[PDB]
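Encoded as structure tokens, the structure appears first; notes follow it.
Just so it is clear, the values below take in all heavy atoms, side chains as well, and ignore hydrogens, waters and symmetry mates. Order of the sequence lines sets the chain letters (A, B, ...), proteins ahead of strands, with each chain counted from 1.
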Amino acid sequence: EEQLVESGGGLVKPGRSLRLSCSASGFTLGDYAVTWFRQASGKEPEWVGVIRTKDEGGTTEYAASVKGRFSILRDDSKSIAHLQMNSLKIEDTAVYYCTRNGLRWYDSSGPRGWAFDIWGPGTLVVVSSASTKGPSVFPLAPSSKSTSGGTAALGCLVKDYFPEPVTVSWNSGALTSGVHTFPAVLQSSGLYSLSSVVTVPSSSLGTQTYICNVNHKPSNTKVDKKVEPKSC
Amino acid sequence: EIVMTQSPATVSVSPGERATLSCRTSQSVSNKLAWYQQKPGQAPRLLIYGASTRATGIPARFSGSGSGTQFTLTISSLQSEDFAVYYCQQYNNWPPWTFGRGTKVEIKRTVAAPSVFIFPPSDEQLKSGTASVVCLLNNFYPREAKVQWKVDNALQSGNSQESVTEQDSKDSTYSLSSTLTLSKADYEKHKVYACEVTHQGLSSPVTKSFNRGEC
């Protein structure tokens with residue numbers, strides 16, 4: 001099964017640089033143009049740049065907003081490509097994608113168009129002068145106050161971190177049913193805060209271990225907090 | 001250049017009914033038109049190419065049609081998993097790397113009252129000087145809801161924040177999280193912490209509360 005994965009996003013200061021990587025598995029990346037997109041603020045994907053195949057000269061083109069600052073490289077032997085970002089600006093903050101152009105057509109004049117049939121999951125790049133800060137993780141304890149009809153709710157409060165994102169899973173990923181991880185909200189402190197909750201049978205609170213696995217890569221924070229029933 | 005215009009920006013279709021999305025190109029692109037689906041927290045996925053050809057592993061209830069400048073994505077018997085933003089993209093005229101602004105499909109399901117849960121602050125947090133009280137509205141529909149924080153029956157104003165999930169991929173509901181935040185000192189000055197929830201699915205407002213030092 002063919003797939004792409006971006007890596008390397010994180011916090012970077014204005015004027016600094018950052019390298020993203022795009023890794024292909026299950027196909028020969030060198031058969032394809034690698035096109036970089038970015039997406040912010042709930043808008044549509046936006047073209048960043050492309051590098052053509054070796055066959056087409058292996059050359060690059062860039063959006064006007066990044067020309068002169070970004071550069072694309074590819075290593076066909078390892079089915080990988082990179083986006084090198086120099087002189088970063090706050091407006092560069094976005095989720096970056098790489099894509100393969102599996103669909104192509106040509107006439108006598110050359111390429112006419114592409115469609116992008118594989119995308120990576122994305123990697124978030126945050127350009128800010130604010131300093132990174134790991135979250136505090138507090139349990140949201142289940143109690144008669146969070147139980148409804150034989151169902152109980154419990155969770156984790158991930159408070160006061162910067163920048164996005166944090167990931168949250170339950171029991172190392174074995175618990176997925178009934179989980180709601182909420183979008184982070186930006187507090188007036190400029191720090192983020194989010195909650196993750198899961199509903200389970202009341203009858204399991206006395207016997208089943210529930211641990212939320214919180215990961216905040218920008219700050220090298222990993223937390224696995226066990227959530228303990230309260231008795232009220 | 002070739003501009004993609006997508007209409008409407010938002011569409012609300014009941015489950016199992018038919019969704020119709022419009023893409024219009026500022027000039028003719030023949031049938032070189034692709035549709036993409038982007039679900040919350042995910043990359044886009046290729047849906048249709050050639051205006052009417054479904055990608056690998058795309059269910060049959062998705063279909064596209066049109067040529068020239070008017071194109072249509074149709075989703076028959078809409079499923080809860082179809083909640084996403086949908087993008088069109090022409091590739092008849094170089095370059096191909098432009099998308100329209102997208103159409104969001106939201107699922108108009110039946111009314112669902114929320115389940116309401118309350119969480120007291122943790123000892124860990126309180127020792128550090130702060131108390132976050134969290135109120136949970138789980139799996140309701142429609143999205144509008146009123147969350148009312150009361151402390152010793154005093155309606156609270158200006159000290160809470162909330163966020164809402166995207167419409168759930170399995171049952172098309174929303175869940176809502178409201179955090180009330182106080183200093184330890186203010187927290188320890190009062191007894192009853194309550195949230196009051198009003199929603200279209202509730203025949204009367206629902207209250208969950210606790211007394212500090214009870215949990």
Side-chain angles (χ1 to χ4, degrees), chain A residues 35-48 63 65 91 93-99 101 103 113-122 124 183, chain B residues 1-13 18-27 29 32-52 54-55 58-59 61-66 69-76 78-93 95-108 143 164-169 172 174:
Chain A
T35 310
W36 285 89
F37 295 87
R38 68 188 179 189
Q39 196 174 33
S41 303
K43 300 176 316 161
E44 75 281 11
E46 186 185 301
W47 180 60
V48 175
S65 58
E91 317 88 46
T93 291
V95 166
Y96 286 70
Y97 299 102
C98 69
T99 63
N101 66 333
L103 276 144
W114 305 333
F116 305 96
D117 70 338
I118 304 174
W119 300 64
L124 170 65
Chain B
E1 62 172 329
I2 294 196
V3 179
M4 271 72 52
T5 301
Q6 283 181 257
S7 280
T10 308
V11 154
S12 323
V13 178
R18 186 205 39 171
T20 288
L21 286 56
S22 163
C23 181
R24 174 184 69 82
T25 63
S26 59
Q27 301 139 238
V29 300
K32 298 298 155 57
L33 191 279
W35 290 92
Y36 301 73
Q37 168 192 68
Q38 182 171 31
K39 290 174 177 176
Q42 303 204 232
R45 166 172 78 159
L46 177 62
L47 258 199
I48 303 306
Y49 67 91
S52 62
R54 273 164 17 239
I58 298 298
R61 64 186 190 267
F62 295 82
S63 79
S65 75
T69 62
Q70 279 304 146
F71 300 86
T72 298
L73 184 67
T74 282
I75 316 187
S76 309
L78 194 61
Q79 303 298 288
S80 57
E81 247 290 23
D82 298 330
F83 167 85
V85 181
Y86 293 83
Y87 299 108
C88 61
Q89 177 249 330
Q90 74 82 25
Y91 56 106
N92 186 65
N93 290 106
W97 38 66
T98 300
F99 303 82
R101 304 220 180 157
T103 289
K104 175 170 266 184
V105 178
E106 51 207 31
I107 293 187
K108 169 151 61 134
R143 200 177 176 271
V164 193
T165 57
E166 292 289 85
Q167 195 156 23
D168 187 80
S169 56
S172 299
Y174 300 99

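For the salt bridge (charged side-chain N to carboxylate O under 4.0 Å, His left out) condition, the pairs that include at least one residue of residues 32-42 of chain B, sequence neighbours left out, are B:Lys39-B:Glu81.
The two residues A:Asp117 and A:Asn101 come nearest to each other via the heavy atoms OD1-C, 4.4 Å. Contact record, B:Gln37 with B:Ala84: CG-CB, 3.7 Å, taken as the closest heavy-atom pair. For B:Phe83 against B:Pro40, the heavy-atom pair with the smallest separation is CE2-CG, 3.3 Å. Scanning all heavy atoms of the two residues, the minimum distance from B:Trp35 to B:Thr72 falls at CZ2-C, 3.8 Å. Closest approach of B:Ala43 and A:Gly120 over heavy atoms only: CB-O, 3.0 Å. The heavy-atom pair separating B:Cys88 from B:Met4 by the smallest distance is SG-CG, 3.5 Å.
Atom CG of A:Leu124 sits about 7.5 Å away from atom OG1 of A:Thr93, to the nearest 0.5 Å. One finds the OG atom of B:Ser65 at 10.0 Å from the CD1 atom of B:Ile48 (value rounded to the nearest 0.5 Å). Atom CD of residue B:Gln42 and atom OG of residue B:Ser169 lie 8.5 Å apart, to the nearest 0.5 angstrom. Considering OG1 of B:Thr165 and CZ of B:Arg143, their distance stands at 8.5 Å, rounded to 0.5 Å. With rounding to the nearest 0.5 Å, the separation of CD in B:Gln167 from OG in B:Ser172 is 5.0 Å. In this structure, B:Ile2 CD1 and B:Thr98 OG1 are separated by 9.5 Å, a value rounded to the nearest 0.5 Å.
Taking the ring-ring contact (aromatic ring centres under 6.0 Å, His included) definition, one finds that B:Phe99 meets it with A:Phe37, A:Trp119, B:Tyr36, sequence neighbours left out.
For B:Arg101, the CZ atom counts as loosely surrounded, since its 6.0 Å shell holds 12 or fewer non-hydrogen atoms of other residues, nucleotides or ligands.
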Problem - B:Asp82 vs B:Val105, side-chain contact (heavy atoms from CB on, under 4.5 Å): CA-CA, chis, key distance, verdict - result: CA-CA 7 Å; B:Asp82 298 330; B:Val105 178; 5.6 Å; no

Practice task
Could you go through the side-chain contact (heavy atoms from CB on, under 4.5 Å) check for B:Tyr86 and B:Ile75 one step at a time?
Solution key: CA-CA 11 Å; B:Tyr86 293 83; B:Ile75 316 187; 3.6 Å; yes

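Using a 4.5 Å cut-off on side-chain heavy atoms (C-beta onward), A:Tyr97 and A:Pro45 make no contact. Residues B:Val85 and A:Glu44 form no side-chain contact, since every pair of their non-hydrogen atoms from C-beta on lies 4.5 Å or further apart.
Using a distance-only test at 3.5 Å, with no hydrogens or angles considered, no donor-acceptor pair links the side chain of B:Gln6 to the main chain of B:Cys23. B:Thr103 contributes no side-chain N or O that, together with a main-chain N or O of B:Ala9, makes up a donor-acceptor pair within less than 3.5 Å. Judged purely by atom type and a 3.5 angstrom limit, B:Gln89 uses its side chain to pair as donor or acceptor with the backbone of A:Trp114. A donor-acceptor contact shorter than 3.5 Å links the side chain of B:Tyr91 to the backbone of B:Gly50.
Using a cutoff of 4.0 Å between basic side-chain nitrogens and carboxylate oxygens, B:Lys104 and B:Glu166 are scored as salt-bridged.
With 3.5 Å as the limit, one finds a donor-acceptor pair spanning the side chains of B:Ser12 and B:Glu106.
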